[PDB]
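So the structure is just underneath, and the comments pick up after that.
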Amino acid sequence: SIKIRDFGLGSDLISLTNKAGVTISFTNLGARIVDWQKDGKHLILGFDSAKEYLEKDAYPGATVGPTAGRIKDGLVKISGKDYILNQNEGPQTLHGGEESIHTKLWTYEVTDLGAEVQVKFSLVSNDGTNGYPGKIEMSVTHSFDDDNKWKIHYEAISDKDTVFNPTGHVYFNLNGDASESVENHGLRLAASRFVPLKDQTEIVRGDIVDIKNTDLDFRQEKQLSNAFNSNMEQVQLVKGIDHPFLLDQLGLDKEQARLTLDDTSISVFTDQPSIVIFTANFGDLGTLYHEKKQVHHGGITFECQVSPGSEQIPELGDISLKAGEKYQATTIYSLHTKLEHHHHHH
Amino acid sequence: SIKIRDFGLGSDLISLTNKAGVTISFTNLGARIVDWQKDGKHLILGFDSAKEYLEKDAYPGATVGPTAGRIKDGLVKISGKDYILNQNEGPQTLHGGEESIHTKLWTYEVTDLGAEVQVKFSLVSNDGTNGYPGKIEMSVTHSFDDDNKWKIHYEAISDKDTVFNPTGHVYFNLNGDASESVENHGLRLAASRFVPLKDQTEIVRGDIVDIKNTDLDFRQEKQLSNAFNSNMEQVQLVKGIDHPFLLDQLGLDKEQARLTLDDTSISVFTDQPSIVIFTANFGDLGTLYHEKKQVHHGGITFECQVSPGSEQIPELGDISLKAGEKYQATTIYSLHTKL
Ligand SMILES: C[C@H]1O[C@@H](O)[C@H](O)[C@@H](O)[C@@H]1O
Ligand SMILES: C[C@H]1O[C@@H](O)[C@H](O)[C@@H](O)[C@@H]1O
Ligand code: NA
């Protein structure tokens, strides 16, 4: 079933319920996921109206871009040319600059395929917007099916050579309450290396480091508390995790990550090379979610994309997008029950 | 009464009905006027869904900008520096460039004041959008009252020196049908001068012309056919009217223009110095409105703004907007019925 209603300020809330009774909802404000519930329990973090997003935190669940992450000094090189993008974080360009895509009302159309329902959001980034050559015609399709798979498919075409590397900023919290730390969740992640940050400004350090056998090694499932309790320099620098993890094996076919809590698991699939993880290291900020004051470590992201810092570490990849070339990206979050035995206590 | 409904593609339709039974409707798609009707008759042109506007014509009733009109070669000088804006009509920049603010979904909030209802639309034009320095936080407030006054109030603030001169692109047609020419309407317009076009490119010619005692003199009410039948080269150039008229006296209190058809009349008030009039000179195009094929001369606009062409004719005024300065503009369309 499909339902639509005003969500505030002119945005709409599109709610889907699949045959299993699982419901998920999106808004055209930032082509964003707002909620995902199983049996009355929220699996992700979200607000109750559009204004909350604009007044509390505009990132949760959003589509962010055109480039996700930080670009040192907002400088990129496009076809031998240097371009400076909007710098909204000191001299850095963070998540595409100020008042970026996550803050706009996208147009959308809904396609009912029966076992699957797709919600295709569209937006055009005009040439020069925030310093980005364009125009860029973008589309983000969120779909949910009877198999409990929530899929995100990105498509884009530019009139000019530009850069493109968007992501989805959902935050999970299997506790269903932001005031409950995710340190009690089990995490499995197929990555042997990570990208350290230089310092508090959070630009990349310049090197790639092997994390096998460290408190950041999750190849084999472990509780998130292991990472949170770590005094490794990188953990201490950010007060949790806030780093790109390089996947060891690529392909949409492979389960790259799995987040578990008791009988529920979220599996992550993608065709991208890295997973940027941020564990809501907000300290005592306490942003209110459903009237619950969010705790430090009260959420975790799995931002699939080309790793940030390729400007400094070419080995990370290339986010350039050629004029007329079609960009595509696919990320999938699938929900399961009783995938494994996870009975722990915090 | 207020009624909000889905208008297509995620856009909304906000319909206001005053104490008089008059209904006016807007959409956040382009902070635009969709309909205006009395006793079941449409007074303006408009479509029945968001898709139509995107597929047929995106300008009708829209807020256009940041700069309304044509900019020769897309060139503007800002603080002594040349800036090239998006070019969407040949080398010209027309109505802010491609995929401009009229094709965006604006956020909005409705404020019910009883005798008056306001709908505030907001949009941020990012720095660099279509070549324009910014960012520019813009708001357009459309309001409707019990006195049948439809008012447009624009506000804007830019983080950097830029240019700004938006306008409302409603097309009136008192016949209430697109297949019927407005040649039968009477027009009065308090302007003794106009800005001639250079040629078919429609860029300004460079001069300011006195129109007193010509087919374009509407200082005294006259029928549109007059103009339409004129042999003035400027009329023949565009096959109608497609020009900036310079108001003789400025100020919001003065009725600057009046469009009449029988018992019905629309009065125009504004704090702007010029009124750009375009008479839908589309020829055989035949765009469909409510299933009715539009005819050449099937509509007429009153775009109040600073006249286009100031890039070449400085006397027309100046559209710059300095960082931190607050831009304001007001335009009112008043509906009257003879009794
Ligand atoms: C990946 C994350 O990095 C963090 O430092 C920012 O604060 C987040 O909003 C961001 O998305
Ligand atoms: C002033 C007018 O000039 C005309 O040529 C255009 O086609 C109109 O849409 C524009 O508003
Ligand atoms: Na809507």
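Note on naming: chains are A, B, ... as they come in the structure tokens, residues start from 1 per chain, ligands start from 1 in the order shown.
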Within 10 Å of ligand 2 (only C-alpha atoms and all ligand atoms), residues as number ranges by chain: B: 57-60, 64, 68-70, 94-95, 167-171, 200-203, 238, 241-244, 276-282, 301-303, 308
Residues of chain A within 12 Å of chain B, counting only C-alpha atoms, as a ChimeraX atom specification: /A:4-14,27-31,50-51,54,84-88,96-101,103-110,119-137
Long-range neighbours of residue 82 in chain A as a PyMOL selection string, 12 Å cut-off, only C-alpha atoms, 3 positions minimum in chain: chain A and resi 73-79+85+131-133+162-163+311
Nearby residues (only C-alpha atoms) at most 10 Å from residue 262 in chain A, same-chain spacing under 3 positions excluded, as number ranges by chain: A: 174-175, 184-186, 265, 337-344
Using N, CA and C atoms, can you export the residues from the last selection as a PDB file, in the first residue's frame?
ATOM      1  N   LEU A 174      19.047   0.270  15.969  1.00  0.00           N
ATOM      2  CA  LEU A 174      18.179  -0.877  16.204  1.00  0.00           C
ATOM      3  C   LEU A 174      17.518  -0.899  17.567  1.00  0.00           C
ATOM      4  N   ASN A 175      17.945   0.015  18.412  1.00  0.00           N
ATOM      5  CA  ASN A 175      17.308   0.134  19.729  1.00  0.00           C
ATOM      6  C   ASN A 175      15.931   0.768  19.589  1.00  0.00           C
ATOM      7  N   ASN A 184      25.673  -1.484  21.743  1.00  0.00           N
ATOM      8  CA  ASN A 184      25.219  -2.843  21.988  1.00  0.00           C
ATOM      9  C   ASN A 184      24.912  -3.635  20.692  1.00  0.00           C
ATOM     10  N   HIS A 185      25.197  -3.042  19.547  1.00  0.00           N
ATOM     11  CA  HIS A 185      24.925  -3.698  18.281  1.00  0.00           C
ATOM     12  C   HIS A 185      26.111  -4.489  17.821  1.00  0.00           C
ATOM     13  N   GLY A 186      25.894  -5.554  17.058  1.00  0.00           N
ATOM     14  CA  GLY A 186      27.010  -6.310  16.567  1.00  0.00           C
ATOM     15  C   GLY A 186      27.289  -5.779  15.162  1.00  0.00           C
ATOM     16  N   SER A 265      18.679  -7.837  11.829  1.00  0.00           N
ATOM     17  CA  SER A 265      19.890  -7.484  11.130  1.00  0.00           C
ATOM     18  C   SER A 265      19.587  -6.639   9.931  1.00  0.00           C
ATOM     19  N   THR A 337      15.462 -11.107   9.850  1.00  0.00           N
ATOM     20  CA  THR A 337      15.168 -11.502  11.189  1.00  0.00           C
ATOM     21  C   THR A 337      15.738 -12.895  11.399  1.00  0.00           C
ATOM     22  N   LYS A 338      16.362 -13.107  12.576  1.00  0.00           N
ATOM     23  CA  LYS A 338      16.994 -14.359  12.989  1.00  0.00           C
ATOM     24  C   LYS A 338      18.035 -14.866  12.002  1.00  0.00           C
ATOM     25  N   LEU A 339      18.867 -13.956  11.534  1.00  0.00           N
ATOM     26  CA  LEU A 339      19.937 -14.299  10.608  1.00  0.00           C
ATOM     27  C   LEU A 339      21.068 -15.066  11.315  1.00  0.00           C
ATOM     28  N   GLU A 340      21.240 -14.696  12.581  1.00  0.00           N
ATOM     29  CA  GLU A 340      22.243 -15.280  13.423  1.00  0.00           C
ATOM     30  C   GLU A 340      21.785 -15.123  14.853  1.00  0.00           C
ATOM     31  N   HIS A 341      22.599 -15.681  15.764  1.00  0.00           N
ATOM     32  CA  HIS A 341      22.344 -15.632  17.195  1.00  0.00           C
ATOM     33  C   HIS A 341      23.098 -14.467  17.785  1.00  0.00           C
ATOM     34  N   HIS A 342      22.393 -13.517  18.329  1.00  0.00           N
ATOM     35  CA  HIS A 342      23.046 -12.380  18.907  1.00  0.00           C
ATOM     36  C   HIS A 342      22.376 -12.077  20.234  1.00  0.00           C
ATOM     37  N   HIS A 343      22.941 -12.651  21.288  1.00  0.00           N
ATOM     38  CA  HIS A 343      22.386 -12.494  22.604  1.00  0.00           C
ATOM     39  C   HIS A 343      23.433 -12.025  23.530  1.00  0.00           C
ATOM     40  N   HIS A 344      23.480 -10.730  23.711  1.00  0.00           N
ATOM     41  CA  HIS A 344      24.490 -10.103  24.538  1.00  0.00           C
ATOM     42  C   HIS A 344      23.908  -9.168  25.549  1.00  0.00           C
TER      43      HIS A 344
END
Residue with smallest distance to ligand 3 - pool B:150, B:14, B:251, B:111, counting only C-alpha atoms and all ligand atoms: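 Among B:150, B:14, B:251, B:111, it is B:14 that comes nearest to ligand 3.
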Those of range 124-265 of chain A in DSSP strand (DSSP E), formatted as a ChimeraX atom specification: /A:124-125,136-145,149-158,162-163,167-168,186-189,191-194,209-210,222-223,242-247,257-261,264-265
Each chain A residue no farther than 10 Å from ligand 1, nearest pair in Å, only C-alpha atoms and all ligand atoms, as a Markdown table:
| residue | atom | partner | partner_atom_place_in_ligand_line | distance |
| --- | --- | --- | --- | --- |
| A:57 | CA | ligand 1 | 9 (O) | 8.7 |
| A:58 | CA | ligand 1 | 9 (O) | 8.9 |
| A:59 | CA | ligand 1 | 9 (O) | 6.4 |
| A:60 | CA | ligand 1 | 9 (O) | 8.2 |
| A:62 | CA | ligand 1 | 11 (O) | 9.8 |
| A:64 | CA | ligand 1 | 11 (O) | 8.6 |
| A:68 | CA | ligand 1 | 11 (O) | 8.0 |
| A:69 | CA | ligand 1 | 1 (C) | 6.2 |
| A:70 | CA | ligand 1 | 3 (O) | 8.2 |
| A:94 | CA | ligand 1 | 6 (C) | 8.2 |
| A:95 | CA | ligand 1 | 11 (O) | 7.4 |
| A:167 | CA | ligand 1 | 11 (O) | 9.6 |
| A:168 | CA | ligand 1 | 11 (O) | 9.3 |
| A:169 | CA | ligand 1 | 11 (O) | 6.6 |
| A:170 | CA | ligand 1 | 11 (O) | 9.3 |
| A:171 | CA | ligand 1 | 11 (O) | 9.7 |
| A:200 | CA | ligand 1 | 5 (O) | 9.4 |
| A:201 | CA | ligand 1 | 5 (O) | 8.9 |
| A:202 | CA | ligand 1 | 5 (O) | 7.1 |
| A:203 | CA | ligand 1 | 5 (O) | 9.8 |
| A:238 | CA | ligand 1 | 5 (O) | 8.1 |
| A:241 | CA | ligand 1 | 3 (O) | 9.0 |
| A:242 | CA | ligand 1 | 3 (O) | 5.6 |
| A:243 | CA | ligand 1 | 1 (C) | 7.2 |
| A:244 | CA | ligand 1 | 1 (C) | 8.5 |
| A:275 | CA | ligand 1 | 1 (C) | 9.8 |
| A:276 | CA | ligand 1 | 1 (C) | 6.3 |
| A:277 | CA | ligand 1 | 1 (C) | 6.4 |
| A:278 | CA | ligand 1 | 1 (C) | 5.2 |
| A:279 | CA | ligand 1 | 2 (C) | 8.3 |
| A:280 | CA | ligand 1 | 8 (C) | 7.7 |
| A:281 | CA | ligand 1 | 7 (O) | 8.2 |
| A:282 | CA | ligand 1 | 7 (O) | 8.3 |
| A:300 | CA | ligand 1 | 1 (C) | 9.7 |
| A:301 | CA | ligand 1 | 1 (C) | 7.6 |
| A:302 | CA | ligand 1 | 1 (C) | 8.8 |
| A:303 | CA | ligand 1 | 1 (C) | 7.4 |
| A:308 | CA | ligand 1 | 1 (C) | 9.6 |
Print the selection's residues with N, CA, C and O atoms to a file, as a short mmCIF file (atom, residue, chain, number, x, y, z; two decimals), in the first residue's frame.
data_model
loop_
_atom_site.label_atom_id
_atom_site.label_comp_id
_atom_site.auth_asym_id
_atom_site.auth_seq_id
_atom_site.Cartn_x
_atom_site.Cartn_y
_atom_site.Cartn_z
N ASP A 57 18.48 19.02 12.30
CA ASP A 57 19.64 18.53 11.61
C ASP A 57 19.13 18.09 10.29
O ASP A 57 18.25 17.22 10.20
N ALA A 58 19.67 18.71 9.28
CA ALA A 58 19.20 18.41 7.95
C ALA A 58 19.77 17.20 7.27
O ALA A 58 19.27 16.91 6.17
N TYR A 59 20.75 16.50 7.85
CA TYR A 59 21.37 15.33 7.18
C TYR A 59 20.74 13.98 7.29
O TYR A 59 20.82 13.19 6.34
N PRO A 60 20.17 13.72 8.44
CA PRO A 60 19.61 12.39 8.61
C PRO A 60 18.76 11.88 7.50
O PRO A 60 17.76 12.46 7.18
N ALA A 62 19.14 11.82 4.46
CA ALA A 62 19.16 12.49 3.18
C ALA A 62 20.06 11.97 2.13
O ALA A 62 20.99 11.24 2.42
N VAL A 64 22.88 13.13 -0.04
CA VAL A 64 23.80 14.28 0.06
C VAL A 64 24.74 14.33 -1.15
O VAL A 64 25.16 13.33 -1.68
N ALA A 68 29.81 13.69 -1.67
CA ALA A 68 29.73 13.42 -0.23
C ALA A 68 31.07 13.45 0.51
O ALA A 68 32.07 12.88 0.06
N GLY A 69 31.10 14.09 1.68
CA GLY A 69 32.29 14.13 2.49
C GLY A 69 32.96 15.46 2.37
O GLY A 69 32.45 16.37 1.79
N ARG A 70 34.13 15.55 2.91
CA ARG A 70 34.95 16.76 2.85
C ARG A 70 35.98 16.78 1.71
O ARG A 70 36.69 15.79 1.41
N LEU A 94 31.96 20.66 2.68
CA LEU A 94 31.40 19.47 3.29
C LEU A 94 30.04 19.18 2.65
O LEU A 94 29.21 20.10 2.51
N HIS A 95 29.82 17.91 2.25
CA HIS A 95 28.58 17.46 1.64
C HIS A 95 27.97 18.42 0.62
O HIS A 95 26.79 18.79 0.68
N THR A 167 25.83 10.20 -1.75
CA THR A 167 25.55 9.07 -0.85
C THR A 167 24.23 9.31 -0.09
O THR A 167 23.63 10.40 -0.18
N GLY A 168 23.80 8.29 0.70
CA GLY A 168 22.61 8.30 1.53
C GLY A 168 23.10 8.27 2.95
O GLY A 168 23.94 7.43 3.30
N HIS A 169 22.59 9.24 3.70
CA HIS A 169 22.97 9.52 5.05
C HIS A 169 22.04 9.00 6.14
O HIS A 169 21.88 9.60 7.20
N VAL A 170 21.45 7.86 5.90
CA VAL A 170 20.60 7.29 6.94
C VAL A 170 21.44 6.90 8.15
O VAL A 170 22.62 6.58 8.02
N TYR A 171 20.80 6.91 9.33
CA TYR A 171 21.43 6.55 10.57
C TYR A 171 20.61 5.42 11.12
O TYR A 171 19.42 5.56 11.23
N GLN A 200 41.49 17.43 13.70
CA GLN A 200 40.17 17.88 14.02
C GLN A 200 39.37 18.46 12.85
O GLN A 200 38.15 18.39 12.91
N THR A 201 40.03 19.01 11.81
CA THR A 201 39.35 19.55 10.64
C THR A 201 38.81 18.40 9.82
O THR A 201 37.94 18.53 8.95
N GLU A 202 39.33 17.23 10.12
CA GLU A 202 38.80 16.03 9.48
C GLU A 202 39.07 15.75 8.03
O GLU A 202 38.40 14.87 7.43
N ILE A 203 40.06 16.44 7.49
CA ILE A 203 40.44 16.14 6.12
C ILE A 203 41.31 14.89 6.23
O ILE A 203 41.81 14.55 7.31
N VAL A 238 38.19 11.62 17.00
CA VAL A 238 36.80 11.87 16.66
C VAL A 238 35.75 11.44 17.68
O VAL A 238 34.54 11.64 17.47
N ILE A 241 33.72 6.70 15.62
CA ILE A 241 34.17 6.41 14.26
C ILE A 241 33.64 7.53 13.36
O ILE A 241 32.55 8.04 13.55
N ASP A 242 34.41 7.90 12.35
CA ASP A 242 34.00 8.93 11.41
C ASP A 242 34.99 8.83 10.28
O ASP A 242 35.74 9.78 9.99
N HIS A 243 34.99 7.63 9.68
CA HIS A 243 35.97 7.28 8.68
C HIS A 243 35.50 6.38 7.61
O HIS A 243 34.61 5.60 7.81
N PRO A 244 36.21 6.51 6.52
CA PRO A 244 35.99 5.70 5.36
C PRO A 244 36.71 4.37 5.55
O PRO A 244 37.89 4.34 5.94
N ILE A 275 32.76 2.39 2.49
CA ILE A 275 31.67 2.64 3.42
C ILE A 275 32.23 3.62 4.44
O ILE A 275 33.20 3.33 5.16
N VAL A 276 31.64 4.79 4.45
CA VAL A 276 32.06 5.81 5.38
C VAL A 276 31.16 5.64 6.59
O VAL A 276 29.94 5.68 6.45
N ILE A 277 31.75 5.43 7.75
CA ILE A 277 30.95 5.21 8.95
C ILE A 277 31.08 6.33 9.95
O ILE A 277 32.19 6.72 10.23
N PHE A 278 29.94 6.83 10.46
CA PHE A 278 29.97 7.91 11.46
C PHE A 278 29.02 7.48 12.52
O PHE A 278 27.85 7.12 12.24
N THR A 279 29.53 7.43 13.73
CA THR A 279 28.71 6.98 14.84
C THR A 279 28.10 8.07 15.71
O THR A 279 28.01 7.91 16.91
N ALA A 280 27.65 9.16 15.12
CA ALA A 280 26.95 10.19 15.88
C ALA A 280 27.65 10.60 17.17
O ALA A 280 27.09 10.52 18.29
N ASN A 281 28.89 11.03 16.96
CA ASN A 281 29.79 11.43 18.02
C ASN A 281 29.45 12.81 18.50
O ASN A 281 30.33 13.68 18.58
N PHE A 282 28.18 13.05 18.81
CA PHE A 282 27.77 14.40 19.20
C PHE A 282 27.90 14.79 20.66
O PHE A 282 27.46 15.89 21.04
N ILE A 300 24.31 5.09 13.72
CA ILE A 300 25.44 4.75 12.90
C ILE A 300 25.04 4.80 11.45
O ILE A 300 23.96 4.35 11.08
N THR A 301 25.93 5.37 10.65
CA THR A 301 25.70 5.48 9.22
C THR A 301 26.51 4.43 8.47
O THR A 301 27.45 3.87 9.01
N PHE A 302 26.16 4.19 7.20
CA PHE A 302 26.84 3.31 6.26
C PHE A 302 26.69 4.03 4.91
O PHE A 302 25.78 3.77 4.11
N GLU A 303 27.54 5.02 4.73
CA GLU A 303 27.50 5.84 3.56
C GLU A 303 28.37 5.20 2.51
O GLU A 303 29.58 5.21 2.61
N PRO A 308 36.07 9.69 0.44
CA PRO A 308 36.49 11.07 0.39
C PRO A 308 38.05 11.10 0.49
O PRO A 308 38.66 10.17 1.04
#
Proximity to ligand 3 - best of B:119, B:20, B:50, B:176, only C-alpha atoms and all ligand atoms: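 Looking at the shortest contact to ligand 3, the residue is B:50.
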DSSP helix (DSSP H, G or I) residues within range 32-264 of chain A, listed as a PyMOL selection string: chain A and resi 50-55+72-74+101-103+129-131+182-184+225-228+233-238
Residue selection dump (N, CA and C atoms) as a compact mmCIF listing (two decimals), in the first residue's frame:
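So the final result, stored in selection_4.txt, reads:
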# COMPACT_ATOMS: atom_id res chain seq x y z
N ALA A 50 8.91 18.01 8.54
CA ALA A 50 9.93 18.65 7.75
C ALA A 50 10.70 19.76 8.46
N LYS A 51 9.99 20.56 9.23
CA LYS A 51 10.61 21.67 9.91
C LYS A 51 11.70 21.22 10.84
N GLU A 52 11.50 20.05 11.46
CA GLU A 52 12.48 19.49 12.39
C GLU A 52 13.74 19.24 11.68
N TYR A 53 13.62 18.78 10.44
CA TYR A 53 14.84 18.54 9.73
C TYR A 53 15.58 19.85 9.48
N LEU A 54 14.84 20.86 9.09
CA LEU A 54 15.45 22.12 8.82
C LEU A 54 15.92 22.85 10.08
N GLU A 55 15.29 22.59 11.19
CA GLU A 55 15.72 23.27 12.40
C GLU A 55 16.65 22.45 13.28
N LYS A 72 39.22 18.99 0.85
CA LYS A 72 40.19 19.91 1.45
C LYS A 72 40.29 21.24 0.68
N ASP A 73 40.09 22.36 1.38
CA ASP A 73 40.11 23.71 0.80
C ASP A 73 39.12 23.90 -0.36
N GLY A 74 38.10 23.03 -0.46
CA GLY A 74 37.08 23.02 -1.50
C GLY A 74 37.69 22.99 -2.89
N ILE A 101 21.76 19.91 -1.88
CA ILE A 101 20.66 19.07 -2.33
C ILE A 101 19.74 18.48 -1.29
N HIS A 102 20.29 18.29 -0.10
CA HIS A 102 19.56 17.69 1.00
C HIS A 102 18.55 18.69 1.57
N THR A 103 18.72 19.94 1.19
CA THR A 103 17.82 20.96 1.68
C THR A 103 16.77 21.36 0.65
N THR A 129 26.19 25.99 -9.61
CA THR A 129 25.60 25.91 -8.28
C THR A 129 26.68 25.47 -7.28
N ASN A 130 26.95 26.32 -6.28
CA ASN A 130 27.97 25.98 -5.30
C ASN A 130 29.36 25.72 -5.91
N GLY A 131 29.61 26.23 -7.13
CA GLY A 131 30.91 26.06 -7.77
C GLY A 131 30.98 24.87 -8.73
N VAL A 182 24.30 2.72 20.32
CA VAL A 182 24.39 1.54 19.45
C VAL A 182 25.62 0.64 19.84
N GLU A 183 26.28 0.93 20.98
CA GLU A 183 27.43 0.14 21.41
C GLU A 183 26.96 -1.27 21.65
N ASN A 184 25.67 -1.48 21.74
CA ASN A 184 25.22 -2.84 21.99
C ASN A 184 24.91 -3.64 20.69
N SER A 225 30.87 -1.57 21.01
CA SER A 225 31.56 -1.07 22.20
C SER A 225 33.08 -1.22 22.10
N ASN A 226 33.56 -2.24 21.36
CA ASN A 226 34.99 -2.49 21.21
C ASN A 226 35.69 -1.32 20.58
N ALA A 227 35.02 -0.73 19.59
CA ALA A 227 35.54 0.45 18.88
C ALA A 227 35.42 1.71 19.77
N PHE A 228 34.25 1.85 20.42
CA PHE A 228 33.99 3.02 21.25
C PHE A 228 34.87 3.13 22.46
N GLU A 233 44.45 6.32 18.56
CA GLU A 233 44.52 7.72 18.20
C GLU A 233 43.35 8.19 17.33
N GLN A 234 43.05 7.40 16.33
CA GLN A 234 41.98 7.77 15.44
C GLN A 234 40.62 7.82 16.09
N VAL A 235 40.39 6.92 17.03
CA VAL A 235 39.14 6.87 17.74
C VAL A 235 39.04 8.05 18.66
N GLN A 236 40.13 8.30 19.31
CA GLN A 236 40.16 9.42 20.23
C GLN A 236 40.00 10.77 19.53
N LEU A 237 40.55 10.89 18.32
CA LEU A 237 40.48 12.12 17.61
C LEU A 237 39.05 12.59 17.34
N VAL A 238 38.19 11.62 17.00
CA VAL A 238 36.80 11.87 16.66
C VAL A 238 35.75 11.44 17.68
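Residues in contact with range 322-328 of chain A at up to 9 Å, not including ones fewer than 2 positions away on its chain and judged by only C-alpha atoms, are residues 134, 153, 154, 155, 156, 157, 158, 159, 160, 161, 162, 163, 164, 320 and 330 of chain A.
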Test item: residues at most 10 Å from residue 44 in chain B, only C-alpha atoms, excluding those fewer than 5 positions along its chain, as a VMD selection string: chain B and resid 33 to 37 60 to 61 170 to 178 299 to 301
Output N, CA and C atoms for every residue in the selection just made, as a PDB file, in the first residue's frame.
ATOM      1  N   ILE B  33       0.938  31.650  -9.752  1.00  0.00           N
ATOM      2  CA  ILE B  33      -0.499  31.775  -9.801  1.00  0.00           C
ATOM      3  C   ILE B  33      -0.978  30.833 -10.883  1.00  0.00           C
ATOM      4  N   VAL B  34      -1.903  29.943 -10.488  1.00  0.00           N
ATOM      5  CA  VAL B  34      -2.453  28.966 -11.424  1.00  0.00           C
ATOM      6  C   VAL B  34      -3.802  29.358 -12.029  1.00  0.00           C
ATOM      7  N   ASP B  35      -4.700  29.858 -11.165  1.00  0.00           N
ATOM      8  CA  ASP B  35      -6.016  30.274 -11.573  1.00  0.00           C
ATOM      9  C   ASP B  35      -6.494  31.419 -10.732  1.00  0.00           C
ATOM     10  N   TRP B  36      -7.471  32.079 -11.310  1.00  0.00           N
ATOM     11  CA  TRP B  36      -8.139  33.209 -10.721  1.00  0.00           C
ATOM     12  C   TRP B  36      -9.509  33.188 -11.382  1.00  0.00           C
ATOM     13  N   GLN B  37     -10.525  32.879 -10.584  1.00  0.00           N
ATOM     14  CA  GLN B  37     -11.844  32.829 -11.173  1.00  0.00           C
ATOM     15  C   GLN B  37     -12.995  33.399 -10.380  1.00  0.00           C
ATOM     16  N   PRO B  60       3.923  30.784 -17.681  1.00  0.00           N
ATOM     17  CA  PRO B  60       2.634  31.338 -17.251  1.00  0.00           C
ATOM     18  C   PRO B  60       2.394  31.417 -15.745  1.00  0.00           C
ATOM     19  N   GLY B  61       2.200  32.633 -15.220  1.00  0.00           N
ATOM     20  CA  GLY B  61       1.923  32.811 -13.792  1.00  0.00           C
ATOM     21  C   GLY B  61       3.098  32.623 -12.825  1.00  0.00           C
ATOM     22  N   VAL B 170       2.069  36.343 -14.793  1.00  0.00           N
ATOM     23  CA  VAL B 170       0.675  35.991 -15.044  1.00  0.00           C
ATOM     24  C   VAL B 170       0.246  36.567 -16.397  1.00  0.00           C
ATOM     25  N   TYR B 171      -0.595  35.823 -17.120  1.00  0.00           N
ATOM     26  CA  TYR B 171      -1.198  36.247 -18.378  1.00  0.00           C
ATOM     27  C   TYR B 171      -2.708  36.375 -18.092  1.00  0.00           C
ATOM     28  N   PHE B 172      -3.250  37.524 -18.416  1.00  0.00           N
ATOM     29  CA  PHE B 172      -4.660  37.765 -18.231  1.00  0.00           C
ATOM     30  C   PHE B 172      -5.415  37.497 -19.504  1.00  0.00           C
ATOM     31  N   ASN B 173      -6.659  37.059 -19.394  1.00  0.00           N
ATOM     32  CA  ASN B 173      -7.557  36.842 -20.537  1.00  0.00           C
ATOM     33  C   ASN B 173      -8.952  36.840 -19.989  1.00  0.00           C
ATOM     34  N   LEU B 174      -9.536  38.036 -20.024  1.00  0.00           N
ATOM     35  CA  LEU B 174     -10.853  38.266 -19.497  1.00  0.00           C
ATOM     36  C   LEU B 174     -11.934  37.524 -20.256  1.00  0.00           C
ATOM     37  N   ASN B 175     -11.618  37.031 -21.431  1.00  0.00           N
ATOM     38  CA  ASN B 175     -12.580  36.254 -22.158  1.00  0.00           C
ATOM     39  C   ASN B 175     -12.755  34.935 -21.445  1.00  0.00           C
ATOM     40  N   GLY B 176     -11.788  34.594 -20.598  1.00  0.00           N
ATOM     41  CA  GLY B 176     -11.852  33.326 -19.892  1.00  0.00           C
ATOM     42  C   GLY B 176     -11.677  32.129 -20.838  1.00  0.00           C
ATOM     43  N   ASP B 177     -11.087  32.338 -21.985  1.00  0.00           N
ATOM     44  CA  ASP B 177     -10.896  31.268 -22.954  1.00  0.00           C
ATOM     45  C   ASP B 177      -9.713  31.686 -23.823  1.00  0.00           C
ATOM     46  N   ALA B 178      -8.735  30.770 -23.987  1.00  0.00           N
ATOM     47  CA  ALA B 178      -7.487  31.020 -24.725  1.00  0.00           C
ATOM     48  C   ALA B 178      -7.615  31.156 -26.216  1.00  0.00           C
ATOM     49  N   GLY B 299      -3.569  36.355 -24.773  1.00  0.00           N
ATOM     50  CA  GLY B 299      -3.265  36.638 -23.386  1.00  0.00           C
ATOM     51  C   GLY B 299      -2.454  37.883 -23.335  1.00  0.00           C
ATOM     52  N   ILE B 300      -2.308  38.453 -22.160  1.00  0.00           N
ATOM     53  CA  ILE B 300      -1.497  39.680 -22.006  1.00  0.00           C
ATOM     54  C   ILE B 300      -0.923  39.746 -20.594  1.00  0.00           C
ATOM     55  N   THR B 301       0.341  40.161 -20.533  1.00  0.00           N
ATOM     56  CA  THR B 301       1.005  40.235 -19.253  1.00  0.00           C
ATOM     57  C   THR B 301       1.193  41.662 -18.788  1.00  0.00           C
TER      58      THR B 301
END
